[PDB]
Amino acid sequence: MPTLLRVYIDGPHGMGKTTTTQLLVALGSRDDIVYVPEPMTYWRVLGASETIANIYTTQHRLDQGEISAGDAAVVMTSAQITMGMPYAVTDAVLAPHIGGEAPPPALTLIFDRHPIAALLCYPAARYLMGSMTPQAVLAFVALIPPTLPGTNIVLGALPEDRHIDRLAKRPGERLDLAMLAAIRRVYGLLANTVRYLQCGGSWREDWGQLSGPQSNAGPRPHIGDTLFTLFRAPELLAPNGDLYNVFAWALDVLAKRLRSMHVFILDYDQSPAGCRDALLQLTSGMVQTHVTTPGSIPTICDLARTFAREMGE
C-alpha cells in the first residue's frame, strides 16, 4: 500500500501560517502535495454572511457592554458551529481512507487548520473572553471527531510583541489584543496538554492539584499548565466541589482525542522562506499512514482540489 502524509497547520491567527503553507506547497510537483486551504468562502458567503465580522462585532459589543453575556454566548456558539463545518466534513469523508500508521509518501495533504481549532481552541478562547459558557465549550469538545492515525499538527511560536506588530498591520476582523492573548494562551495550553497526555498524565488523578510550551519534547507539564485547568469553573462544579460527571466525561473525551496526536512547533519569527524551510525539515519526523484502498490517493487528491477550488479565496 502507498502512504499518505497529513499535516495540519494550526495555532493562533496572524502568525504567517497561510503564507508558509503556500510556499511549502509551491516546492512540490503539482500532484504529490495538495493544500486544503482556509474555507474563507464558506465563512463569508456559503455558510452564513460575513461570519468573522459577526464574531468580532459581537465581542466588541460585549466589551462595550452594549449586549449581555447571554446574548454574546448564543451568537458565539452559533458562529463557531458554522466556522467549524468545513473542517468536520473534510475529516468525515477522509476518515474511511486512512489506514494504520506507517520512504516518501505517495501523497502529502496539507491543511489550513484541524477540527480542534473550531471545536476546542477558538471556543476555549471565547470562554476566556467571557463570550462563551464553559458548558458550551465542553459540548464542542464532546463533538470532536475521533482522531485519525497520523494526525500531525503544527502549532506556531512567535514572540507576543512581534505577533502584535504582525497583526497590527495585516474579512471583518478587529484589532483585539485581549482575544490575541487568549488564543495564544489556549494554543500554549494545547501543546502542554498533548505532552501531558503522552507522558502518561491522568487528569482525574491530578485534578486535586488544581486550585489557585512545547510537545514531542520536555518533561510532563503540571495539570495547571494544560487545558484541563480551564474547566475548574463554578458552573461545572457540584455543591460537593467535584465536577459533574457529564463534564468529567467531556474531559475524558478531550484526553482521548488529544493523546494520539503528533504535535510539532514551528518558529514563525523569521522570513517567509525561513518558515517554509523550517516546516520542510519538521515534516521529516512526521507520521505517515497507509491508505485503505489503491484508489484512495487520487480520490483524496480530488477531494482536496474540489475543496480548494470551491471554498478557497
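Rigid core (definition): largest C-alpha set, two forms, superposition within 1.5 Å. Don't overthink the numbering: it's just position in the shown sequence, from 1.
Peer 1: Superpose by the rigid core: which stretch, 161 to 169 or 82 to 90, shows more Cα shift in 8 other deposited structures of this protein?
Peer 2: Higher root mean square deviation of C-alphas in 8 other deposited structures of this protein is shown by 161 to 169.
Peer 1: I want to check something about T151: across the other compared entries that model its neighbours, is it left unbuilt in at least a third?
Peer 2: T151: modelled in every other compared entry.
Peer 1: For at least a third of the other PDB entries compared, is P213 missing from the model even though its neighbours are present?
Peer 2: Yes, a third or more of the compared structures omit it.
Peer 1: Should the segment between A102 and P103 be described as having none, 1 to 3, 4 to 9, or 10 or more unmodelled residues of the deposited sequence?
Peer 2: 4 to 9 residues lack coordinates between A102 and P103.
Peer 1: Might you work out how many residues are unmodelled in the deposited sequence between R170 and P171, and answer none, 1 to 3, 4 to 9, or 10 or more?
Peer 2: Per the record, 1 to 3 deposited residues are absent between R170 and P171.
Peer 1: As stated in the PDB record, which stretch has the larger average Cα B-factor, 103 to 111 or 217 to 225?
Peer 2: For C-alpha atoms only, the mean B-factor is higher in 103 to 111.
Peer 1: Taking only the CA atoms, which stretch has the higher mean B-factor in the record, 26 to 34 or 256 to 264?
Peer 2: Looking at the record's C-alpha B-factors, the answer is 26 to 34.
Peer 1: Which one of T41, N245, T283, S68 shows the biggest C-alpha B-factor in the PDB entry?
Peer 2: Top of the list by C-alpha B-factor: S68.
Peer 1: Quiz for you: based on the deposited Cα B-factor, which of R185, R204, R126, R174 is highest?
Peer 2: Highest CA B-factor of the listed options: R174.
Peer 1: Within this chain's modelled residues, let me know which third the CA B factor of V291 belongs to: lowest, middle or highest.
Peer 2: For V291, the deposited C-alpha B-factor lands in the highest third.
Peer 1: Would you mind checking where the Cα B-factor of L62 ranks among the modelled residues of its chain, as the lowest, middle or highest third?
Peer 2: Its C-alpha B-factor belongs to the highest third of this chain's values.
Peer 1: Mind checking which third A53 falls in for C-alpha B-factor across the chain?
Peer 2: Ranked within chain, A53 CA B lands in the highest tercile.
Peer 1: Among the chain's modelled residues, which third holds the C-alpha B-factor of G241?
Peer 2: Highest third, going by the recorded CA B-factors of the chain.
Peer 1: State the tercile, meaning the lowest, middle or highest third, of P298 with respect to the CA B-factors recorded for its chain.
Peer 2: As the PDB entry reports it, the C-alpha B-factor of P298 lands in the highest third of its chain.
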